[PDB]
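Engineer: In order, the protein sequence lines correspond to chains A and G.
The first sequence maps to residues 36 to 258, 276 to 363 in the authors' numbering.
The second sequence maps to residues 34 to 258, 276 to 363 in the authors' numbering.
Have a look at this one before I ask anything.
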Amino acid sequence: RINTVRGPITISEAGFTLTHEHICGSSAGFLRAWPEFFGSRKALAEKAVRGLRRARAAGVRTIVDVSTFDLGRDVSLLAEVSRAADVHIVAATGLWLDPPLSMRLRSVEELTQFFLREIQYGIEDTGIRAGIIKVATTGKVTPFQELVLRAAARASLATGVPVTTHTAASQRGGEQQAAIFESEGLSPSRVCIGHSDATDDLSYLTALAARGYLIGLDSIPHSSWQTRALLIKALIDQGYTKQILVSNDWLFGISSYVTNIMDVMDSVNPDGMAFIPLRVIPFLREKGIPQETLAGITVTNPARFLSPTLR
Amino acid sequence: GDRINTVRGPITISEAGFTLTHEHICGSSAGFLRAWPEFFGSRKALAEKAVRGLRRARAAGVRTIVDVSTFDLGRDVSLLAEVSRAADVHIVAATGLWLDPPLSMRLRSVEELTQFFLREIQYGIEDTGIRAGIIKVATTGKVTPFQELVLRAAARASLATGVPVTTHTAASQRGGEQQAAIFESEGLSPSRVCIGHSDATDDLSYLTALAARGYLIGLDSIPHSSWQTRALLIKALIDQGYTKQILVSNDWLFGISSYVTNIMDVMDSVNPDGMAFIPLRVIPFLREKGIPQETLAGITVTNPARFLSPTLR
Ligand SMILES: C[As](C)(=O)[O-]
Ligand SMILES: C[As](C)(=O)[O-]
Ligand SMILES: [Zn+2]
Ligand SMILES: [Zn+2]
Ligand SMILES: [Zn+2]
Ligand SMILES: [Zn+2]
Numbered sequence: 036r037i038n039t040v041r042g043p044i045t046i047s048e049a050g051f052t053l054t055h056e057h058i059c060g061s062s063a064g065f066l067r068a069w070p071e072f073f074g075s076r077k078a079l080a081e082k083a084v085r086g087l088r089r090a091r092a093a094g095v096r097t098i099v100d101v102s103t104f105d106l107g108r109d110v111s112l113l114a115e116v117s118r119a120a121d122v123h124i125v126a127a128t129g130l131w132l133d134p135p136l137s138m139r140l141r142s143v144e145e146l147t148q149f150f151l152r153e154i155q156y157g158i159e160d161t162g163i164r165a166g167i168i169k170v171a172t173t174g175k176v177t178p179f180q181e182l183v184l185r186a187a188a189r190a191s192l193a194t195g196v197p198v199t200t201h202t203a204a205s206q207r208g209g210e211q212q213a214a215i216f217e218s219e220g221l222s223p224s225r226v227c228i229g230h231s232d233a234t235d236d237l238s239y240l241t242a243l244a245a246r247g248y249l250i251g252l253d254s255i256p257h258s276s277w278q279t280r281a282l283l284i285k286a287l288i289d290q291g292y293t294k295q296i297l298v299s300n301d302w303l304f305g306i307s308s309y310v311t312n313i314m315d316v317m318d319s320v321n322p323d324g325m326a327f328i329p330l331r332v333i334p335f336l337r338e339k340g341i342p343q344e345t346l347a348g349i350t351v352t353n354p355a356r357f358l359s360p361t362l363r
Numbered sequence: 034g035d036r037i038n039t040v041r042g043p044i045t046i047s048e049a050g051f052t053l054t055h056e057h058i059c060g061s062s063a064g065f066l067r068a069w070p071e072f073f074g075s076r077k078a079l080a081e082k083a084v085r086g087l088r089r090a091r092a093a094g095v096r097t098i099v100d101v102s103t104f105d106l107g108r109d110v111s112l113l114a115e116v117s118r119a120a121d122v123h124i125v126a127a128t129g130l131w132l133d134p135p136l137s138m139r140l141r142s143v144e145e146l147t148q149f150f151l152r153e154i155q156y157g158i159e160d161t162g163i164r165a166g167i168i169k170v171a172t173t174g175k176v177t178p179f180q181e182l183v184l185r186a187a188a189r190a191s192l193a194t195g196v197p198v199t200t201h202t203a204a205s206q207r208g209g210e211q212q213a214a215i216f217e218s219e220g221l222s223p224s225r226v227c228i229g230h231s232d233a234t235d236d237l238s239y240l241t242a243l244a245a246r247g248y249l250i251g252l253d254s255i256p257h258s276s277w278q279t280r281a282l283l284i285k286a287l288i289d290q291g292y293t294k295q296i297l298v299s300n301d302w303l304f305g306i307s308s309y310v311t312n313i314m315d316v317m318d319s320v321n322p323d324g325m326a327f328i329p330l331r332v333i334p335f336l337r338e339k340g341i342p343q344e345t346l347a348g349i350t351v352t353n354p355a356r357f358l359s360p361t362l363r
């Protein structure tokens, strides 16, 4: 079973799953302290419901919201929009790139307890449990980020829940993440190295895939997008279809960036979270990729990844 | 004009009584108490500790505390309301920003920040209806560009609503002089501003010069030191004729996550009196050095009341 914001589901219920998405990119406490920044909480929720309904009509059945504490995750909002759009949402623990002081000063042992409580007990007082652990690094990995990665590995080893990462692919950041995870005894099959579509260095991706890591080609419309999409085909052609995860990395509201960035983004990708099913899938089909392989990438791979496993 | 917002609603300035103008229920980070209450043992344990502590402060004469925890210090106004009601002590809540703004704050303009502070003063904090009665700002050494936006936004909010501004400084950096310059460039009256953490210095020339301009001087961290040296600064400002410019506090807290683990237990074994330190240890010390009872009531009652009353607009 996979934990979602509406409770547990069987792996067969997950269906076509976008593995790296956000309802809202924000900061801890921000949505509740200043909802007017998004027009209103209601306006944000309604936009997300329409957006999720549009993705559902394009075949999407589940999204993984990889918003951590410090991205302002509001699981109550996730549960509301999930119920109204009839789209499953898996919530995340972990930490991204904006930890406040109360996180930054914690030891690896303390961070492990925090990630564990969000997986095993629930997020805040909601009873909603995280189904994935999201971490992020820059450069060669800062000392704090190393603590985060180790705590994520320890939480994953105790629960079977997978780890997914933010990298700078241009700096081949997955290599240092992989080294830390393997030092902790974490199986690569529990790890998605994310934002991997932001490089043209195929040798970097193939080597990670050959070690058993999942490759998150998760930011396709942030681009040319066809060039990014072709990395999918390249990994298929090398026989690493089982290692591929695809997503949009879209959002319905953003406060952790310049004002009005959401409008720019929406104008550049009007499909929003429907961009993968509406544009990328047809493109890959037009390039000769068969249905069975596209369904394995978008249904089978996410199911294997999210299903809690210690084998 | 004569009413101030507290976490239990509007009150008249007569009810504030003995007021500690820089305190905290909990020193934390946005969202942190709600996401990780076990860090404090539990939310209930933290509330109970605050209630026990505030009740000793009430016994010793405290009627009002100003919790200057901002959004980014993890202010939880619902917690403040719960402990204020159970301890039966007035708590004034703060808006503003301290030293740990998240990206969603750090990327905002002065106009946006002004709107945020105005929302917390004029409409309420989150969905609680509880309005802030003071604006808390913080700078480090030289004001950074973002801190200057925060100070201007604070000045603009203060001028639109009349609520005062209270600052965090490094007094060993004379931080108040650069904060004052910004505030005055915005047309903000020094009588609306408390330059806080001013007891951490020995530079009486710095303190007296700010007082002479009409600023409130926040001698707000007495028990953090010897404390006697810090307390004697109150007397020094009295002796120079600036009784009406002094504000005294403990800058205490009942839980702390914005520091290394176990700092709370060390602070508590150092100052067992908590927020009762001012009324219990410092007030008799000053009277012992010969300061009239009436001067001390002016400092602990009249000075905060004039400070907190929304003034001008
Ligand atoms: C741009 As992101 C790290 O919020 O997916
Ligand atoms: C508790 As503080 C560091 O604003 O004095
Ligand atoms: Zn990312
Ligand atoms: Zn993302
Ligand atoms: Zn301070
Ligand atoms: Zn303080």
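Ideal Cβ placement from N, Cα and C applies to all residues, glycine included.
#1: Can you look up residue 300 (chain A) in the DSSP assignment and give me helix, strand or coil?
#2: Just verifying my parser: in three-state terms, what is the DSSP assignment at residue 329 (chain A)?
#3: Strictly under 8 Å for the Cβ-Cβ distance: is residue 71 (chain G) near chain A by that measure?
#4: Please report the straight-line C-alpha distance between residue 215 (chain G) and residue 356 (chain G), rounded to a whole angstrom.
#5: Among the residues of its own chain, which have a CB less than 8 Å from the CB of residue 135 (chain G), if the five just before and after it don't count?
#6: How far does the beta strand (DSSP E) with residue 219 (chain A) in it extend, from its first residue to its last?
#7: Which residues of the segment 41-63 of chain A have a Cβ closer than 7 Å to any Cβ of chain G? Give them in chain order.
#8: Residues of chain A with CB closer than 8 Å to the CB of residue 159 (chain G), please, in chain order.
#9: Let me make sure I understand the geometry here. Which of A:44, A:122 and A:53 has the alpha-carbon closest to that of residue 327 (chain A)?
#10: Give every residue of the same chain whose Cβ lies closer than 6 Å to the Cβ of residue 109 (chain G), excluding the five residues on either side of it in the sequence, and list them in chain order.
#11: Hey, residue 49 (chain G) and residue 96 (chain G): beta-carbon distance below 8 Å or not?
#12: Can the beta-carbon of residue 301 (chain G) be found closer than 8 Å to that of residue 55 (chain G)?
#13: Give the DSSP-derived three-state secondary structure of residue 353 (chain A) in the structure shown.
#14: Establish whether the CB of residue 74 (chain A) and some CB of chain G are separated by less than 8 Å.
#15: Under 6 Å, CB to any heavy atom of ligand 4. Which residues pass, going along the chain?
#16: Should residue 329 (chain A) and residue 94 (chain A) be called a contact, given that it needs their Cβ atoms to be closer than 8 Å?
#17: I believe residue 228 (chain G) touches residue 279 (chain G) by the beta-carbon criterion, under 8 Å. Please report the beta-carbon distance rounded to the nearest angstrom.
#18: When you compare only the Cα positions, how much space is there between residue 362 (chain G) and residue 161 (chain G)?
#19: Roughly how many angstroms separate the alpha carbons of residue 225 (chain G) and residue 168 (chain G), rounded to a whole number?
#20: Whose C-alpha, out of A:242, A:324 and A:123, is nearest the C-alpha of residue 11 (chain A)?
#21: Using a Cβ cut-off of 8 Å (strictly closer), state whether residue 311 (chain A) contacts chain G.
#22: Tell me, please, whether the CB atom of residue 107 (chain G) is closer than 8 Å to any CB atom in chain A?
#23: Tell me which residues share the same chain as residue 83 (chain G) and place their Cβ nearer than 6 Å to its Cβ, disregarding the 5 neighbours each side in the sequence.
#24: Nearest-angstrom Cα distance between residue 208 (chain A) and residue 318 (chain A)?
#25: Determine the chain G residues that contact residue 140 (chain A) at a beta-carbon separation under 9 Å, and present them in chain order.
#26: Measuring straight from C-alpha to C-alpha, what distance separates residue 298 (chain G) and residue 249 (chain G)?
#27: Going along chain G, which residues have a C-beta under 8 Å from residue 152 (chain A)?
#28: Output yes if chain G places a C-beta closer than 8 Å to the C-beta of residue 104 (chain A); else output no.
#29: Which ranges would you report for the alpha helix (DSSP H) in the segment 160-238 of chain G if only whole runs of at least 4 residues count?
#30: Give the secondary structure of residue 72 (chain G) by DSSP, where H, G and I count as helix, E and B as strand, and everything else as coil.
#31: Let me check you understand the geometry: is the CB of residue 192 (chain G) closer than 7 Å to at least one non-hydrogen atom of ligand 2?
#32: For a cutoff of 8 Å on Cβ pairs, would you count residue 145 (chain G) as touching chain A?
#33: Pop quiz: residue 358 (chain A) and residue 125 (chain A) are said to be a contact at Cβ under 8 Å. What is the actual Cβ separation, rounded to whole angstroms?
#34: Going by beta-carbon coordinates alone, are residue 231 (chain A) and residue 202 (chain A) separated by less than 8 Å?
#35: Tell me the DSSP bridge mates of residue 125 (chain G)?
#36: Would residue 288 (chain G) and residue 252 (chain G) be called neighbours here (beta carbons separated by less than 8 Å)?
Structural biologist: Taking the structure as given:
#1: Numbered from its first residue, the first sequence carries residue 300 (chain A) at position 248. In this structure, residue 300 (chain A) counts as coil in the three-state DSSP scheme.
#2: Within the first sequence, the letter at position 277 stands for residue 329 (chain A). Shown here, residue 329 (chain A) sits in a helix according to DSSP, grouped into three states.
#3: As a first step, residue 71 (chain G) must be located in the second sequence, where it is residue number 38. Residue 71 (chain G) has a beta carbon lying within less than 8 Å of a beta carbon in chain A.
#4: Translated into the one-based positions of the second sequence, residue 215 (chain G) becomes position 182. Translated into the one-based positions of the second sequence, residue 356 (chain G) becomes position 306. Their backbone Cα atoms lie some 23 Å apart in a straight line.
#5: Locating residue 135 (chain G) in the second sequence gives position 102, counting from the first residue. Shown here for residue 135 (chain G): same chain residues with a beta carbon closer than 8 Å to its own, the five before and five after excluded, namely 63 and 105 in chain order.
#6: In the first sequence, counting from the first residue as 1, residue 219 (chain A) sits at position 184. Careful: residue 219 (chain A) lies outside any beta strand (DSSP E) and carries neither H nor E.
#7: Per Cβ criterion, the list reads 61, 62 and 63.
#8: Counting from 1 along the second sequence, the entry for residue 159 (chain G) is found at position 126. Residues of chain A whose Cβ lies closer than 8 Å to the Cβ of residue 159 (chain G) are, in chain order, 67 and 68.
#9: For this step, residue 327 (chain A) is matched to residue 275 along the first sequence. The candidate whose alpha carbon is nearest that of residue 327 (chain A) is A:53.
#10: Taking the second sequence and counting its residues from 1, one reaches residue 109 (chain G) at position 76. So the qualifying residues of the chain are 66.
#11: Within the second sequence, the letter at position 16 stands for residue 49 (chain G). Within the second sequence, the letter at position 63 stands for residue 96 (chain G). Residue 96 (chain G) is positioned such that its CB atom lies closer than 8 Å to that of residue 49 (chain G).
#12: Here residue 301 (chain G) is taken as the residue at index 251 of the second sequence, counted from 1. Here residue 55 (chain G) is taken as the residue at index 22 of the second sequence, counted from 1. Their beta carbons are under 8 Å apart, which means residue 301 (chain G) touches residue 55 (chain G) by this criterion.
#13: As a working mapping, residue 353 (chain A) is identified with position 301 in the first sequence. If DSSP states are grouped into helix, strand and coil, residue 353 (chain A) belongs with the helices.
#14: As a first step, residue 74 (chain A) is located in the first sequence; it is residue number 39 there, counting from the start. Taking Cβ atoms only, chain G never reaches closer than 8 Å to residue 74 (chain A), which makes this a no.
#15: Selection output, chain order preserved: A:55, A:57, A:101 and A:301.
#16: Sequence index remark: in the first sequence, residue 329 (chain A) carries index 277 (1-based). Sequence index remark: in the first sequence, residue 94 (chain A) carries index 59 (1-based). It is a contact, given that the beta carbons lie within the stated cut-off.
#17: The residue given as residue 228 (chain G) occupies position 195 in the second sequence. The residue given as residue 279 (chain G) occupies position 229 in the second sequence. In fact, because the Cβ distance is near 19 Å, the residues do not count as touching under 8 Å.
#18: Locating residue 362 (chain G) in the second sequence gives position 312, counting from the first residue. Locating residue 161 (chain G) in the second sequence gives position 128, counting from the first residue. Looking at the two C-alpha atoms, the distance is approximately 27 Å.
#19: Counting from one through the second sequence, the residue named residue 225 (chain G) turns up at place 192. Counting from one through the second sequence, the residue named residue 168 (chain G) turns up at place 135. Residue 225 (chain G) and residue 168 (chain G) have their C-alpha atoms some 10 Å from each other.
#20: No information on residue 11 (chain A) is available, as it lies outside the stretch 36 to 363 that chain A covers here.
#21: As a position in the first sequence, residue 311 (chain A) is number 259, starting the count at 1. Chain G has a Cβ within less than 8 Å of the Cβ of residue 311 (chain A).
#22: As a first step, residue 107 (chain G) is located in the second sequence; it is residue number 74 there, counting from the start. Interface residue, yes.
#23: For the purposes of this step, residue 83 (chain G) is taken as the residue at position 50 of the second sequence. The answer, listed in chain order, is 58, 116 and 304.
#24: Position 173 of the first sequence holds residue 208 (chain A). Position 266 of the first sequence holds residue 318 (chain A). Taking the straight line joining both Cα atoms gives about 28 Å.
#25: Along the first sequence, read from residue 1 onward, the residue named residue 140 (chain A) stands at position 105. Those are 307, 308, 309, 310 and 311, listed as they occur along chain G.
#26: Here residue 298 (chain G) is taken as the residue at index 248 of the second sequence, counted from 1. Here residue 249 (chain G) is taken as the residue at index 216 of the second sequence, counted from 1. When rounded, the distance between both Cα atoms is 10 Å.
#27: Translated into the one-based positions of the first sequence, residue 152 (chain A) becomes position 117. At a C-beta separation below 8 Å, residue 152 (chain A) has these neighbours in chain G: 69 and 71.
#28: Against the first sequence, residue 104 (chain A) aligns to sequence position 69. At least one CB atom of chain G sits nearer than 8 Å to the CB of residue 104 (chain A).
#29: The alpha helix (DSSP H) runs of length 4 or more contained entirely in the segment 160-238 of chain G are, from start to end of the chain, 178-194 and 208-218.
#30: Locating residue 72 (chain G) in the second sequence gives position 39, counting from the first residue. It is helical.
#31: Within the second sequence, the letter at position 159 stands for residue 192 (chain G). Outside the cutoff, so no.
#32: Residue numbering aside, residue 145 (chain G) sits at position 112 when the second sequence is read from its first letter. Output row for residue 145 (chain G): interface = yes.
#33: Taking the first residue of the first sequence as position 1, residue 358 (chain A) is located at position 306. Taking the first residue of the first sequence as position 1, residue 125 (chain A) is located at position 90. That pair is a contact at about 6 Å.
#34: Reading the first sequence from its first residue, position 196 is the one you call residue 231 (chain A). Reading the first sequence from its first residue, position 167 is the one you call residue 202 (chain A). A contact, by the Cβ cut-off of 8 Å.
#35: By 1-based counting over the second sequence, the position of residue 125 (chain G) is 92. Residue 125 (chain G) is bridged to G:99.
#36: Translated into positions along the second sequence, residue 288 (chain G) becomes position 238. Translated into positions along the second sequence, residue 252 (chain G) becomes position 219. Contact: no.
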